[PDB]
Amino acid sequence: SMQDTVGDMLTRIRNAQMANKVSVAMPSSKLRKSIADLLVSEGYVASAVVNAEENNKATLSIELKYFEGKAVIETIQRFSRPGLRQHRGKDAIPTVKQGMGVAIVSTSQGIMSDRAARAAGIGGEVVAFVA
Amino acid sequence: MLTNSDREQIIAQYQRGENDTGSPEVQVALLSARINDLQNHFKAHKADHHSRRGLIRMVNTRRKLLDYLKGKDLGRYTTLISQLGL
Amino acid sequence: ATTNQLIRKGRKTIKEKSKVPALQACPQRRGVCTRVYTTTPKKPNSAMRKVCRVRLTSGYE
RNA sequence: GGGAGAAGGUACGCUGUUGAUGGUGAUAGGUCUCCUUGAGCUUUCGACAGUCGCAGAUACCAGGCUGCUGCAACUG
RNA sequence: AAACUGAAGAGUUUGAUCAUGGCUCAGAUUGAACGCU
RNA sequence: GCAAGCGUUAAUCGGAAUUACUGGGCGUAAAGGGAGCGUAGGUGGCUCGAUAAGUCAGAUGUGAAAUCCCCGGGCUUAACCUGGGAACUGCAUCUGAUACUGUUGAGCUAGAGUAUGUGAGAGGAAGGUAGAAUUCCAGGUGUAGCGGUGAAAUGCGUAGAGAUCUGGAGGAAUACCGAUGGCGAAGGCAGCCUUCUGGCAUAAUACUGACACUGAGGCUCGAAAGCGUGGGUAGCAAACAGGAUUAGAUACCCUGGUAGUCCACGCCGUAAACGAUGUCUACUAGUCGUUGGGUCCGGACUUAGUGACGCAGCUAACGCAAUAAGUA
RNA sequence: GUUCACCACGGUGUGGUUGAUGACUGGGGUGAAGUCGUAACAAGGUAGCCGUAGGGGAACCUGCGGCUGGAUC
C-alpha cells in the first residue's frame, strides 16, 4: 500500500504541474502542511489551505504557479525515503542547484530550508530536494 | 455451510457490545465455526483444491486476527482461545 | 537491487586471473628448452614462427 | 531392515571401606485383609583404597577377520 | 589569514546506423627484474 | 618524445557508470521466480500526549608520533629536515532540542477486515443422465467394386465389400449457443441435472479500529508428456509393419497399428508455465467498444473487469501509454 | 631412592578431506582443396521454437500439450 506519505505528496505536486493543473489536493497532515507551508514561503506554490472535512478528516489544497507557461517547480525529488533515511549534520547538507534550489530539511526546530539550517547551525533529516 | 440462524448465534455469544459483528473475537469465532464446518466437506472431497485455497485463507485470516489480539489485549486473547479450543 | 537487498548480498565483483600464470607474478622466469620448433599461425596470415617449449623453475612447461 | 559381533580397543582376581537399589518380610502402631516403620535373609549396580602373580573371561567351555569378483534373491 | 581546487576519452561487431556489451589502449605507482646505454 | 636514463615484462588502482552507495539495469539486447500462501526480516494511515534510544547541536576526554594538507623556517636550489596549525569523518560521557524514525498511553476512520440483502459466472469436487457421430457384432436389400492419392499402390471385397434399412455392445468428446465473452492465484475450466463447496461483483446501514504491504528460507498448488498399481479401451495415435516419393527417405503422403490419450489412487514438478512485462499503493489529456452490477432522468452518470485507439511522459528503436514500459 | 598421578616423543588401528598420476572412456574446442547428407534462415520448400516421450548413420523425424519470437490469408 502507501508507505511514503511525503513521497506521495511530492508525486502529486510533480504530476499536477506536469499536467498544468491549477491546484493539487490530497488528504492533509501536519507533516504535509509543514512541507507545503515551506513551499509557499520559499515561493514555489501560491498557497496551501487546509479544509477540515467530516469524520475527523482534512484536505490539503495547494495552488500551483507557472512562469512563462512553465511550472515553477522544475524538479521536486525525495531524498530521505523510508527505505533509506538520510540525516545530515550542519556541514553535510547537500545543496540544490548551487544554492538556487531548496533542500527541505527536518530539524529539531521543524521543517525549514537548508539555508536556514546552516544559519541556525543545525542538521536534520534532508527530506527532499526542490528546485 | 453455516446458516443465518446459527451464524447470528455465534455473534450473540461473542458480543463485545450492541450488534457489533466486527470485533476480533466475533470474527475469529465466526471463522473457527466455518473452518470446522468445512472439515466435513473436505473429508468427502479431498481432491477439491480450489475450495481448499479458500479454507486456507480464513485460516490465515484467523491467525492474523489472533496475532492482533495478543498484541492488543492479552487477557482478551488467552480467554478467547480458551473457549474456541485453539 | 534495493537498499535492503544490498546490505544482505552486496555487490561482488570478480578479479581476473593472471594471463601469464607460469611466471607466478614474476617479471621473468628462467627455464630449460625441451623443444625448439616452428609452427604456423592462425587463419588471417601465414608464416613459420619460431617457438620453444621451455620447462620453467616454477614447475610449469 | 541391514551390513554389524563390521573392523578395532579398554576393564575384569582377591581384600577392606563405602554409596545406591529391587524382593521378602519378624517386631511394633493404626480379619487366608489394608497402611507406615522396618530386624534377619537376599538382588542388581557403582566409587575409593590396598594387594599377589608371567598370566584374574586364568581350568572345561567359548566367532578368526578383511579386499576384489562369478553364480543363485533370500529360509528351505 | 590558509588548510576548502576537483571528474576527457579512443579503437574494435555492421554494407551503413543507433543501442547493448565484452576486449584493448592512452595515466599514475613499485623494496622491482630484464634489455641497451 | 624522453634523457643519465630509455624501453620491455610483472603487479595495483584508474579509465570501467564494466558490481552502479555516490552511480546501472531486467517487454524484445543478459536479466521477473510457473503461481500463490506465508515464517524471519524490511517497510508502514491520521490526532493529542510521554520518553529521548536513533537524529541534531554544545561541552569534555580521547583519537600517539611520524605521514597527508596549510602557513612559515633551515640546507647554494630542490629532494630532505623542521616549528605551529589543520585534519584524523571516529569512540566515550554528560547537557540541550523534539521535526522525523524507535518505544509507549489515549483517541480517529480514510487503508484492511466483519454482519446483513441482491447478482453473474466453462470456479472446484462427487454422482447421474441425454442426443448426434465413429467403431464393432447380428440380420434384410443388393452387386462389383470400395478406400486412398498430386498420381498410385499397400489394404478391404464375389467366403458378398462399399452403399442402404433394422437391432445390439462399448468407449470418448460434448456441434449450434460461442463472443479481444465469462470464472479461476496460476496451471486451467464448455451438453444437461442434483448434491457438497470457494472466491468475486454490488447499494445501504451497522461494527473492529492500522488488524497493512511485501516477503529470504518453507509449504501448497501446478499444462502436456512420463512413471507405479488396478480398471477400461470407440476414435486418434509415439513406437512398429507395409505401400509409395526419392539417388537414398530410418521422413513428409497412404493403409494399418501398440503404449498413451479415458477412470481411481499416488508419483513426477517441468513448458515460448508468455503480457517473454513480480506483487502492492497513489497520481497523470482524452475517445470508442464490451461483461457483471448500481443510481438517475430510450439515453446520462458511476463502479469492478475486459479490449481497440490516442496526448503528455518514457524508450536504442520498436513501441508502451490509467490493465504504463509515465510520475514516485 | 622407590611408587602413583599428570604429561611430550613415539606406536597402533580405522575413517574423512585433498594433490598428482591411470589402461580405457565421454563430451568441448581448434586445424586443410575431406566423407555423408541438407536441419535452420524466404511459407527455407513438412512454419519454427519450448517441455516431454519414442525412434533414427547424422543433422533430425514423429506423437501430446503449449507459444508467435509464423508468411499467405
Side-chain angles (χ1 to χ4, degrees), chain A residues 1-16 18-21 24 26-31 34 53-58 76-78 80-85 87-90 92 105-112 117 120-125 127, chain B residues 1 4 7-8 11 16-27 30-31 38 40-42 44-61 63-69 71-72, chain C residues 1-14 18 20 23-29 40 42-43:
Chain A
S1 184
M2 169 151 333
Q3 314 207 337
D4 190 1
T5 66
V6 178
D8 182 64
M9 194 225 312
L10 315 183
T11 301
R12 299 220 184 181
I13 292 171
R14 192 188 306 111
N15 294 323
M18 224 189 291
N20 310 115
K21 318 276 279 206
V24 60
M26 59 200 111
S28 180
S29 160
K30 304 202 329 322
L31 184 49
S34 188
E53 293 304 82
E54 58 282 359
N55 320 48
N56 317 50
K57 291 188 309 203
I76 177 159
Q77 296 274 62
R78 183 145 166 63
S80 175
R81 46 183 193 88
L84 182 66
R85 251 95 194 201
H87 293 266
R88 299 278 182 272
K90 72 187 171 312
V105 182
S106 186
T107 78
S108 288
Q109 283 134 0
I111 295 281
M112 56 199 213
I122 216 172
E125 187 199 272
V127 69
Chain B
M1 338 186 178
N4 282 2
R7 221 139 55 210
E8 298 279 341
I11 315 173
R16 288 321 309 290
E18 184 182 3
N19 62 19
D20 68 351
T21 81
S23 170
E25 294 75 0
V26 54
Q27 298 196 15
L30 285 156
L31 298 184
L38 285 170
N40 171 36
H41 158 75
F42 284 121
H45 315 260
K46 28 179 176 94
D48 200 339
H49 291 310
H50 291 60
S51 296
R52 191 165 255 137
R53 185 144 178 289
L55 171 64
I56 293 329
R57 214 198 92 161
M58 29 195 156
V59 172
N60 282 140
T61 298
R63 170 98 306 271
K64 285 175 196 165
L65 290 178
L66 289 172
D67 284 337
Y68 170 77
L69 272 176
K72 211 54 145 143
Chain C
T2 69
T3 308
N4 207 48
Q5 254 167 28
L6 277 167
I7 46 191
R8 272 203 277 112
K9 337 261 232 344
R11 308 275 191 206
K12 235 162 301 119
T13 206
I14 181 56
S18 46
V20 283
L23 293 176
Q24 294 177 328
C26 306
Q28 295 104 17
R29 292 312 289 272
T40 325
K42 291 195 243 133
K43 186 29 71 150

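Just so we're on the same page: letters track the sequence lines, and every chain starts at 1.
In this model, the phosphate group of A126(F) is not approached by any side-chain N or O of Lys46(B) to a distance below 4.0 Å at OP1 or OP2. At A110(F), one or more side-chain N or O atoms of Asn55(A) fall inside 4.0 Å of OP1 or OP2 (strictly under the cut-off).
For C283(F), its base sits under 3.5 Å from the side chain of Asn15(A) at one donor and acceptor pair at least. Contact annotation: side chain of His50(B) to base of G188(F), donor-acceptor pair absent below 3.5 Å. Judged by atom type and distance alone, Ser51(B) reaches the base of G123(F) through a side-chain donor-acceptor pair under 3.5 Å. One cannot find a donor-acceptor pair under 3.5 Å joining the base of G23(F) and the side-chain atoms of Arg11(C). Side-chain to base pairing of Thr11(A) with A328(F): no donor and acceptor N or O lie closer than 3.5 Å to each other. Between the side chain of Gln3(A) and the base of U43(F), a donor-acceptor pair under 3.5 Å is found. On a pure distance criterion of 3.5 Å, a polar donor-acceptor pair joins the side chain of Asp48(B) and the base of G124(F).
The P atoms of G148(F) and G257(F) are separated by 15 Å, rounded to the nearest whole Å. Taking atom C1' in both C100(F) and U51(F), one finds a spacing of 15 Å when rounded to whole Å.
Under the 3.5 Å cutoff applied to both distances, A10(F) and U30(E) qualify as a Watson-Crick or G-U wobble pair. Judged by Watson-Crick and G-U wobble geometry, where both atom pairs must sit under 3.5 Å apart, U118(F) and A201(F) count as a base pair. Applying the 3.5 Å cutoff to both bonds, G188(F) and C183(F) register as a Watson-Crick or G-U wobble pair. Taken together, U174(F) and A130(F) constitute a Watson-Crick or G-U wobble pair, since both relevant N/O distances lie under 3.5 Å. Pairing between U208(F) and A112(F): present (Watson-Crick or G-U wobble, both distances under 3.5 Å).
In the model, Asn4(B) has a side-chain atom that pairs as donor or acceptor with a side-chain atom of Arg7(B) under 3.5 Å.
Counting non-hydrogen atoms under 4.0 angstrom, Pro24(B) reaches the backbone sugars and phosphates but no base. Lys43(C) comes within 4.0 angstrom of sugar-phosphate atoms only, judged by non-hydrogen atoms across all strands, and of no base.
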Dump the intermediate steps for side-chain hydrogen bond (donor to acceptor under 3.5 Å, both in side chains) on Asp48(B) and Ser51(B), then the final yes or no. CA-CA 6 Å; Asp48(B) 200 339; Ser51(B) 296; 3.0 Å; yes
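A salt bridge does not link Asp4(A) with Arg81(A): every distance from a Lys NZ or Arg NE/NH1/NH2 to an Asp or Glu carboxylate oxygen is 4.0 Å or more.
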